[PDB]
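Asks: There's a structure below that I have some questions on.
When we count neighbours, we look across all protein chains shown, and the Cβ atoms used for this are built from the backbone with ideal geometry, even at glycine. Every number in this text was worked out from the coordinates using simple rules, so none of it is lab data.
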């Protein structure tokens, strides 16, 4: 559900594009992955959309409309939800977060640990701003790490923040838990998009899954994108695998029942709860390339998409792409390549990107008017390696005019 084209209509060598088909097949054969789906699109038409390997390890071949746990790749979609309430005047980037979440008045920061191993707690200098919420510079901590060397994280793990009964429960816990830092001091991946989710619910007056369906998935025809996989679509769900790369050994991953996608979640996570297909994600990516529009349907103003895909970080700050980096910045709920040449990366300046912990990746390069969506279900380093390798092979297949 995007128009198709010969690779040369997109500026590509069909021969040099096959080195990419080849690489994906080599990852199935070597048992790095069970299978996956890739979409490459330029000038609004698909030039390569392939499904390879199998949905389950023993089982049927990976269909083009496979459903994947996109995890942290949810974040930019939550970003678009927040920017719609931005356009309606319901919040400003300069607003303190405590204006929208009053409990955030009680935020305290962990400043090292006492002789009893408890964190020493100080009232926060000031509320984080919405812009710091949107850029992971608000000083909130990470919820998936039981790490005593980081008291703020250990407390989030212990309070079971991501496994909360509701988004109201989640935000109340965060308000009484130690922050990792004062707001505005550094970039650090956090539960910020999950808090963004609560702000969508509060400002919109609708639950996050209803807001995103009415205002994003339905209008853009993302027909399989949701916080769960309903019984009738359970057959298209890709299976999640783990193991060591060096050994061909793929094993089904064990992950807490809270990440389960068979039933609607009590606490929908804006940072990690979406499932989607390559086609649904591709339509989302194309909507960003078009500065807010797809097939006559406008969900964001072009000024608003331009704001999202710029670097909002201060001067010195440092990022990691993927939830699974010189010349690398961070816009509203997505990484941005400010100066890709500096790290010898092939993407165009202002390219936006992110990756989930289950190995899904995407990037959107406005300057070369193209995007890429990669879908696997593999924990560990495989996804990020595959991201890097696919970037190399795409830009190596691309023939632009010089000057």
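Asks: Okay, helix-only estimate at 222 nm for the chain: each DSSP H run of n ≥ 4 adds -39500 (n - 2.57), divide by all residues, round to 500 deg cm²/dmol; what do you get?
Replies: Counting only the DSSP helices, I get -8000 deg cm²/dmol.
Asks: Starting from 0.36 nm per residue, how many nanometres of slack lie between residue 234 and residue 57 once their C-alpha separation is accounted for?
Replies: 62.1 nm
Asks: Listing 86, 241 from the residue with the fewest other Cβ atoms within 10 Å to the one with the most, what is the order?
Replies: Lowest to highest Cβ neighbour count: 86, 241.
Asks: Given all pairs of different Cα atoms, what value in angstroms does the Kirkwood hydrodynamic radius of the chain take?
Replies: 21.6
Asks: For region 292-403, what does the alpha-carbon gyration tensor say about shape, rounded, prolate or oblate, given a ≥ b ≥ c as the root eigenvalues, a/c under 1.5 as rounded, and a/b over b/c as prolate?
Replies: In terms of gyration-tensor shape, rounded.
Asks: Sort region 175-330 into rounded, prolate or oblate with this rule: let a ≥ b ≥ c be the square roots of the eigenvalues of the Cα gyration tensor; rounded if a/c is under 1.5, and if a/c is not under 1.5, prolate when a/b is larger than b/c, oblate otherwise.
Replies: Judged from the Cα gyration tensor, region 175-330 comes out rounded (a/c under 1.5).
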